[PDB]
Amino acid sequence: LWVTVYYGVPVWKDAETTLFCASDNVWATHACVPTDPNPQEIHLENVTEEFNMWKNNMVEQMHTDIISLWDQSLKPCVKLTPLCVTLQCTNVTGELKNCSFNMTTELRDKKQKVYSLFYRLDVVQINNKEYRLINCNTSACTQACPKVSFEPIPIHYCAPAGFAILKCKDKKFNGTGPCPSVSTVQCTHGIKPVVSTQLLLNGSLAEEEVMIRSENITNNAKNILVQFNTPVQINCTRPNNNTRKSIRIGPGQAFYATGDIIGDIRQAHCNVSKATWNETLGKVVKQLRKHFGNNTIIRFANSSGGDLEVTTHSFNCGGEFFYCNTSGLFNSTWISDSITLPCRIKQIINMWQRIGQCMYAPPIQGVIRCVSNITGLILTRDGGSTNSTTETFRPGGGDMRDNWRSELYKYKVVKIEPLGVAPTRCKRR
Amino acid sequence: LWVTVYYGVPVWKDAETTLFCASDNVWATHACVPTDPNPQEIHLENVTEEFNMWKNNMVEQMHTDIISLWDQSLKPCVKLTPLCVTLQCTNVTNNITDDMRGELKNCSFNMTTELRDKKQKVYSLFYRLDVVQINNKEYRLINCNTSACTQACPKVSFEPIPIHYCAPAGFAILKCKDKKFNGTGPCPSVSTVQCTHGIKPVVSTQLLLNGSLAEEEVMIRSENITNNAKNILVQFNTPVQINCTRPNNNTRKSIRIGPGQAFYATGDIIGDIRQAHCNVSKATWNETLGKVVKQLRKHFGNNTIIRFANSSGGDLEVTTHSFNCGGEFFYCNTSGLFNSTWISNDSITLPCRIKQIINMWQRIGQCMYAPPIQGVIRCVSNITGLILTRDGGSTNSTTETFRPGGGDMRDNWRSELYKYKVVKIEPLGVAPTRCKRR
Amino acid sequence: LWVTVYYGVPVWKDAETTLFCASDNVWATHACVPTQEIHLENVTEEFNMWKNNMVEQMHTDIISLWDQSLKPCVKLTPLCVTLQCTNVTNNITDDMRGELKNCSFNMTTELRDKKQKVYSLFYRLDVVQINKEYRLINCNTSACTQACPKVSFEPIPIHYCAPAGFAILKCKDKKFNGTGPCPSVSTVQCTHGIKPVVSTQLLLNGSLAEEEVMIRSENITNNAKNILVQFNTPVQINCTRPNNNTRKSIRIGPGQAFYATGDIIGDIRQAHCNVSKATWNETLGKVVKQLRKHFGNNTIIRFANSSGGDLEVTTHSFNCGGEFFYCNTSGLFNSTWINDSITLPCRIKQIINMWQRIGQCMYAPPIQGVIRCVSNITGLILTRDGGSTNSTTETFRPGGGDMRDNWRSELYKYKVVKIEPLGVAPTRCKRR
Amino acid sequence: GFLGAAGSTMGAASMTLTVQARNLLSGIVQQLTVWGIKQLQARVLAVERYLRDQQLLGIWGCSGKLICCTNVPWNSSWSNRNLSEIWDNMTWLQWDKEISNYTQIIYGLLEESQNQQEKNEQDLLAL
Amino acid sequence: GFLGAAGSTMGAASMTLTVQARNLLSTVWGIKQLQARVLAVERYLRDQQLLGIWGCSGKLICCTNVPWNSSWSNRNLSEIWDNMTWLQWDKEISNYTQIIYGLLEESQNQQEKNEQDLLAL
Amino acid sequence: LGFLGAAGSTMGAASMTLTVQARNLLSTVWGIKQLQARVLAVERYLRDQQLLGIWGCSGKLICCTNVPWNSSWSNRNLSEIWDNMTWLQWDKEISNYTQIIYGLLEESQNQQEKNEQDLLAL
Ligand SMILES: *[C@@H]1O[C@H](CO)[C@@H](O[C@@H]2O[C@H](CO)[C@@H](O[C@@H]3O[C@H](CO)[C@@H](O)[C@H](O)[C@@H]3O)[C@H](O)[C@H]2NC(C)=O)[C@H](O)[C@H]1NC(C)=O
Ligand SMILES: *[C@@H]1O[C@H](CO)[C@@H](O[C@@H]2O[C@H](CO)[C@@H](O[C@@H]3O[C@H](CO)[C@@H](O)[C@H](O)[C@@H]3O)[C@H](O)[C@H]2NC(C)=O)[C@H](O)[C@H]1NC(C)=O
Ligand SMILES: *[C@@H]1O[C@H](CO)[C@@H](O[C@@H]2O[C@H](CO)[C@@H](O[C@@H]3O[C@H](CO)[C@@H](O)[C@H](O)[C@@H]3O)[C@H](O)[C@H]2NC(C)=O)[C@H](O)[C@H]1NC(C)=O
Ligand SMILES: *[C@@H]1O[C@H](CO)[C@@H](O[C@@H]2O[C@H](CO)[C@@H](O[C@@H]3O[C@H](CO)[C@@H](O)[C@H](O)[C@@H]3O)[C@H](O)[C@H]2NC(C)=O)[C@H](O)[C@H]1NC(C)=O
Ligand SMILES: *[C@@H]1O[C@H](CO)[C@@H](O[C@@H]2O[C@H](CO)[C@@H](O)[C@H](O)[C@H]2NC(C)=O)[C@H](O)[C@H]1NC(C)=O
Ligand SMILES: *[C@@H]1O[C@H](CO)[C@@H](O)[C@H](O)[C@H]1NC(C)=O
Ligand SMILES: *[C@@H]1O[C@H](CO)[C@@H](O)[C@H](O)[C@H]1NC(C)=O
Ligand SMILES: *[C@@H]1O[C@H](CO)[C@@H](O)[C@H](O)[C@H]1NC(C)=O
Ligand SMILES: *[C@@H]1O[C@H](CO)[C@@H](O)[C@H](O)[C@H]1NC(C)=O
Ligand SMILES: *[C@@H]1O[C@H](CO)[C@@H](O)[C@H](O)[C@H]1NC(C)=O
Ligand SMILES: *[C@@H]1O[C@H](CO)[C@@H](O)[C@H](O)[C@H]1NC(C)=O
Ligand SMILES: *[C@@H]1O[C@H](CO)[C@@H](O)[C@H](O)[C@H]1NC(C)=O
Ligand SMILES: *[C@@H]1O[C@H](CO)[C@@H](O)[C@H](O)[C@H]1NC(C)=O
Ligand SMILES: *[C@@H]1O[C@H](CO)[C@@H](O)[C@H](O)[C@H]1NC(C)=O
Ligand SMILES: *[C@@H]1O[C@H](CO)[C@@H](O)[C@H](O)[C@H]1NC(C)=O
Ligand SMILES: *[C@@H]1O[C@H](CO)[C@@H](O)[C@H](O)[C@H]1NC(C)=O
Ligand SMILES: *[C@@H]1O[C@H](CO)[C@@H](O)[C@H](O)[C@H]1NC(C)=O
Ligand SMILES: *[C@@H]1O[C@H](CO)[C@@H](O)[C@H](O)[C@H]1NC(C)=O
């Protein structure tokens, strides 16, 4: 009874490695291999292999690569260090400010007196007609460079040789635990890298119901990642009519200032249908009570507090960054028509919670519109002592990795070890 | 008969790859590998091949390589962003002889020193093409309406040296050997060589400089020569020797603009000033145009009159003859060099003219302030080529006017990489043989 | 007989390769992989430490890593401004007087429009009189960066380990001459750990010899080649800077800071350094005892101080604590051979250009508080002179100046070989 | 296709191991920026892994063959299951989980047995 | 030379197959050199893998058990191996390779399963 | 023993430990030192393995060849080589006359392979 050696038998162990893009603006589509068409699937019909939503290297590599690529794409154009000057600002016609200052020209001796429109959120008062921007005591950062776009182009991560990526197909798969069905694929679907806070939008829908996913459900420190079944459509506008003028700073670098308002100034607002949101919240509260008690009071409040990026729903509609209040959505109690939202716009941006480098977004002329579907929520829990039956579930966010854990949950990467041995009564001679 | 497998059969197939160069500077040689002493060459006797010169990826790869090497080299140099001030300039008057009335401007401007809160008053002579009149008079530099740009470091040299694009491991560079070769068409005599010859990265616009002389007749090469919008490359048999020089005697003064940087400027001329005159022989050019029209009549009509003229563009880099004599950029005439109507020892003096702010490789704003070079400059060079362009003229007594041209810089490198195409070898093959396994 | 082919034979040849870093900050240990010995019995092999190749790769790697460590820090361009300076005479010591200078200048704030007036303290080695108005000494060659206070100059050990196909051979000879045959060679995966300290005349925190004092030279007859001395016992020194500097933050622009010396809380004294007298006397006695073999018996061996030149080569220069000392060490090399403590006065310079380069310096920020510091003296770099022959008198002076000789005192028992595992041999077999 | 019959029986997966091995090196469709250095690292790591897998087959005298045999005995303390129930109703993934510890010694027995067999084969050719 | 017998006799080019098979192994000039060397290594390892999976590893010439088809080549052996080069041959058979590759793989897969049970006695 | 533990052992004693030397040949911008040496080691290993594979000699460490020993390379007897010498000197006196061996083995294997298919053609 002597050892025989087999080469190429299918076994795998889980491992961490570096992936690469594939595709057909900021997100580097042109540096990717073209996609691989109709990858066939298999069926491990006798498997009990555990999946893990929360402890894979896929989302970490996604976040690191998106941050590094954002830092790469911001480089080869204008940096606005001489705009940090004193400002003399008044009121228009009380949110917008009419600021006039002194700036350099393309000649090094001559100077000009130009004016621009600045919002309230990105100016502070220095000691009532002497202002400055809020980034002057922390950074000196880069204008968004007006040829690139911020459209979420689809990106497929495709695995090198020696590694394959699997695909969980279980319908009631909560992200952690041994799923009863494991398939494979060559590489992934069209993950769109949107940026969001407490309203996941433009994503993948669910299969039969609305799932509730967490580390443990009995801890008020882990986010509950709700994914919708039916798409809830949100659509909005900026009703102002901005004009863009080109103020030249120096030898070949310009500054795109906000001009005058052509029409009438009205605040930006994003509204959603009342009955659709009511029935979707009803589905969420119907299937969410199975983890917290069958006779409980579920009441929805607004955001807790902190910075403006985590308190408010922040998204990017065509180049203007909205910071909508979303307090008229999460206000209900549960016991056994359009909802408009006042929304404000900020120009200078700290995107990935980083201190030391901001981002200036230029104004875009005309009215801007976008239709989109809400496909997820990032509810948290504010717990208490066990003396009352009410449960306080305030929405939250700010952690960008939870956005890309909404996708890539039915994906894990394995490493193939083709060598294997077996007992046999055959002999080499 | 049965299927048998062979490894390493001589079978090739066309492809493209990333080549590399070797040699024995603004073209970085110290990053390249050294080449071999006693190089090798392999002749493929008794074989055919279907070369094409107008669709090589070698040319685009070379253009990308030269652009990358040129942009890499100027990166550790002086940026000169304090340089354009409101210049106050007066004309030079002192030893003007007739023809340079109004071309050298003596400019006075003031500038940041090593220290920050102190200004120094300096002066420099600038050419007329580098100053634009903002409304003695107030001038400014031409460059900082579009971009501020980098002074070349005074240690790198713009002299072309030969580079040798080798094949990578597993590929082959196939070489043609048929003399009368059109480009598009088969080459009966094909050789395999692991490296190209000494292609010199020379920059010219109308009258292609130092290079390979054709050894057959003067060759007129194009891809759709019938069409009126394709550049017509002409390669000569005998070289046409051309003199160009700068009679002025420049002196460098070094202005310190910051804590570490410096700006080399023109000083004062020690001597008298005259135009940079370019010479070419009458008889040699007459004989060369005679050979060109002789090989042009057959193909373009067996009884034609052939007219030569001068350029009609608007930018200064296509209507002139730019080159790199010594380190000073010339921008010359070529109009009195082409005033002939061919029908069925003197010297032509060309006014060559010098400009310092250089927008080359046809990009909209990354210039280069070329440093002044001290002393007279003299170049002896070979004319080996010519870029022609036919008009939009149809008929009327077979009169075709062949004005010069240029523009795109790829045409200077399809006059040297024409007898080359990269292929990959595919060693796997099956064939009938009497074999069976045991 | 018939030729056979063996694949995997134990032979090697000398070669040069790229060695990767490995570690257990200014020295970036993030790129180094985290971190064994086989004895060889009957092999003797030629060694040489002066034609070595790990020392040059080490020195170039240290220079390039030092350069990439200072990339994202502040440039300190607008500090090149016309200083207006006077002396400082808060109860100054009569020897320390003049050295510290009060200075004041105009410089920009975080806003581009406005300006402020900021005062600071500078040494005489940092300021040059304008020909009372002064200026910085770095505003004449190249304005240079400032060291970030997040990183520190602690010399963490690093290992260089050869890749696959190469081997590192280590001598176990207890009396290794530096060159010549090595009687016992032991291979190893890689080295024991080298602390990349910087010094000029006296080696600090190095590796001791195990049995007696080793003296190594490329050519002991030639005067132009340095002499390396390695100890068997350590000599202890004290760094000392008895002051209370106050670092204050000055904002130079939108998001940048300049840390300047604000004031001294207390008395201002000299920054001396102390070495023991009896231990140095015994160690110098061992040195002069075991130097007489290469030069001859009953020869008068005496020690003089450094000859001259610039401040870095001539004087002892170490970097303990966080600031840069420049010690005289003229009271050490003074004897002539037929609880006291030697105090050496040292002076501090802030603008530092380390690896003998022009046009590339570095500003060292002040360290708040008082600096207490100790280290071992485990080696010296001597340099003789071309004295007259048959005079029975040789003068030895501490040299230095080059940084290769500091790390050649640690990579003296290592060389890299290239494994070629293919070989042929005759054997009586045949192929059927 | 790739990883086909990975949940099937041990005997039926022995007929399939010729299609897993074709994609251990590369695909042909996948043969400066963030992506390029990452893909180059992936290619070099795949080449290293394939060479490391091929080296062990080179040492044990099994080079160029997929299924082979060796002359080392199987100690019964490694596994007690007989031949009838190991090639049927057993998956390769369930088979790998009990030779987690015992692989590093059977590899050494393989290389020592092949070295002894090669020395003995070279001994008889001298006659 | 390297491949100077490319236009030679097909029976005479089989002698010189060794010297063509040794040459498949051999900052702007940084990652470009690296990519070229990795691509050459990938192509050579792909060729050696395709030799190994068909069972003809370690041999420049190998003889197999796949029957030749008259539709693939009606020409007899008196013209292929006497007055016809490898280039004309590969241009003739460039679109017929994949079926022959699959048949070689199938014959090698069927050959090995009939040898494992042979030594089980 | 270890990686090079038999370097002091004789010719007949280091011949039984070739496996431990054959096994260990294939074991933030300045991280390219870790990447370049791996490609160099891969190219060296493929060069050695291909040079073994030309001679009809791959897949085995102790490999025999039917080429006779020309005495001009070395004229000493086989008796005092395999038990009174180590591998380092046997590299030293065959530092020369090696490239001729590396070509005659190439031609011998090619003629043996030619013998192989024309023996099997009949
Ligand atoms: C979620 O996805 C939808 C659909 O992909 C996004 O709506 C799209 O938004 C973009 C950006 O504003 C619109 O592009 C713009 O449209 C017009 C005409 O093309 C013009 O102003 C611009 O040139 C630009 O192309 C696009 O039309 C719009 N699509 C539809 C069908 O309305 C939506 O923005 C995404 N939600 C996000 C990113 O939060
Ligand atoms: C090289 O360029 C010349 C330009 O002189 C091309 O000749 C012209 O080609 C165009 C486009 O094919 C022809 O126009 C159209 O062609 C067909 C009939 O040929 C028909 O659709 C239209 O009636 C129209 O004419 C044009 O006739 C033709 N000739 C002339 C005298 O202008 C030529 O095709 C190019 N050569 C190659 C090899 O592509
Ligand atoms: C075509 O090739 C000729 C080859 O001689 C090139 O002429 C050479 O140009 C270089 C660069 O200016 C001259 O070198 C310089 O010469 C003197 C000392 O001789 C001195 O100023 C410099 O140290 C430098 O070495 C060289 O003399 C000159 N040779 C001749 C014979 O004229 C010519 O430039 C090429 N044509 C081009 C690039 O258009
Ligand atoms: C030679 O090695 C000795 C250690 O035996 C080095 O002395 C060490 O000097 C550093 C200076 O940065 C001290 O670290 C710092 O100390 C204090 C807390 O004690 C604080 O400022 C920092 O957090 C930091 O840890 C270290 O304590 C000190 N070791 C001692 C006194 O035992 C010496 O610098 C080395 N010599 C050279 C030339 O590098
Ligand atoms: C190409 O043509 C040559 C002739 O130049 C051919 O050489 C023949 O080779 C055979 C075989 O040795 C000789 O018997 C003939 O006498 C040669 N000449 C003929 C047929 O004219 C050869 O077939 C081809 N050779 C190459 C190297 O490509
Ligand atoms: C979740 O929280 C509970 C309650 O504190 C705790 O006992 C449990 O360990 C947590 N779950 C995990 C997986 O850590
Ligand atoms: C997820 O489901 C599994 C069973 O499929 C169960 O063991 C586990 O506790 C669930 N996790 C949570 C967080 O509810
Ligand atoms: C915008 O959404 C509302 C519901 O919130 C819907 O009634 C309306 O038709 C939408 N407008 C579009 C799609 O233009
Ligand atoms: C939600 O809207 C987006 C944007 O128009 C669209 O791509 C998506 O298909 C919609 N979802 C549906 C219809 O389920
Ligand atoms: C200076 O030169 C300009 C440019 O041609 C000309 O218009 C002007 O008249 C000149 N002035 C004098 C005083 O020569
Ligand atoms: C180029 O010459 C070849 C050689 O015969 C010929 O086939 C082809 O037609 C020519 N092309 C042109 C455009 O003259
Ligand atoms: C133009 O050509 C005529 C002859 O055709 C000649 O007289 C005249 O000089 C030419 N012009 C130049 C500048 O050579
Ligand atoms: C020891 O080193 C000295 C100094 O370099 C040298 O002169 C001497 O020859 C060496 N001796 C031996 C035995 O290697
Ligand atoms: C030394 O200076 C520091 C500066 O932070 C101060 O806090 C401390 O009290 C001083 N110590 C003395 C004077 O002993
Ligand atoms: C193999 O090694 C591990 C680690 O020491 C040990 O825990 C385990 O029990 C061993 N396996 C067996 C099957 O004994
Ligand atoms: C070293 O030499 C001695 C004496 O000849 C011998 O006994 C010993 O075995 C040798 N060592 C090795 C490892 O072969
Ligand atoms: C042996 O080698 C020599 C070279 O020294 C050569 O001349 C000779 O032909 C070879 N063969 C024989 C059989 O002597
Ligand atoms: C080997 O042969 C060469 C032939 O040039 C000769 O120079 C050399 O001395 C010989 N011996 C050694 C040990 O290299």
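Residue numbers (the entry's author numbering), protein chains in the order written: chain C, 34 to 57, 67 to 135, 144 to 177, 188 to 309, 312 to 321, 321A, 322 to 397, 412 to 504; chain E, 34 to 57, 67 to 177, 188 to 309, 312 to 321, 321A, 322 to 397, 411 to 504; chain A, 34 to 57, 67 to 77, 82 to 177, 189 to 309, 312 to 321, 321A, 322 to 396, 411 to 504; chain D, 521 to 551, 568 to 663; chain F, 521 to 546, 569 to 663; chain B, 520 to 546, 569 to 663.
We treat Cβ as the ideally placed atom computed from N, Cα and C, and that holds for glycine.
Sequence-distant Cβ neighbours of E:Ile420 in its own chain, meaning closer than 8 angstroms and more than five residues away, are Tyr169, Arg298, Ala329, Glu381, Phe382, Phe383 and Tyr384.
Listed along chain F, the residues sitting closer than 8 angstroms to B:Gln658 by beta-carbon distance are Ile603 and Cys605. Counting C-beta pairs closer than 8 angstroms gives three or more between the stretch 289-305 of chain C and the stretch 445-460 of chain C, which meets the contact rule.
When 8 angstroms is used as the limit between beta carbons, D:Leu619 is near these residues of chain C: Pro498, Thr499 and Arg500, in chain order. Think of a sphere of 8 angstroms around the beta carbon of C:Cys418: no beta carbon from chain A falls inside it, the nearest being about 30 angstroms out. By the Cβ rule, the stretch 530-543 of chain D does not count as touching the stretch 86-106 of chain A, because fewer than three pairs are nearer than 8 angstroms. One finds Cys126, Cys196 and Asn197 in chain C with Cβ atoms closer than 8 angstroms to the Cβ of A:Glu156, taken in chain order. Residue pairing of A:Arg273 in beta bridges, as defined by DSSP: A:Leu285.
For the set C:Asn301, C:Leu494 and C:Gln422, the Cα lying nearest the Cα of D:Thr538 is the one of C:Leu494. The beta-carbon of E:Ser110 is placed less than 9 angstroms from the nearest beta-carbon of chain F. Taking F:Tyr638 as the centre and dropping the five residues before and after it, the same chain places the C-beta of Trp614 closer than 7 angstroms to its C-beta, in chain order. Looking at the backbone, the Cα of D:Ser528 and that of D:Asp624 are separated by about 9 angstroms. Summarising the contact set, residues whose Cβ lies nearer than 7 angstroms to any heavy atom of ligand 16 are, in chain order, A:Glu87, A:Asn88, B:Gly524, B:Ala525, B:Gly527, B:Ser528, B:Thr529 and B:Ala532. Runs of the alpha helix (DSSP H) lying entirely within the stretch 324-357 of chain A, each at least 4 residues long, are 335-347 and 350-353 in chain order.
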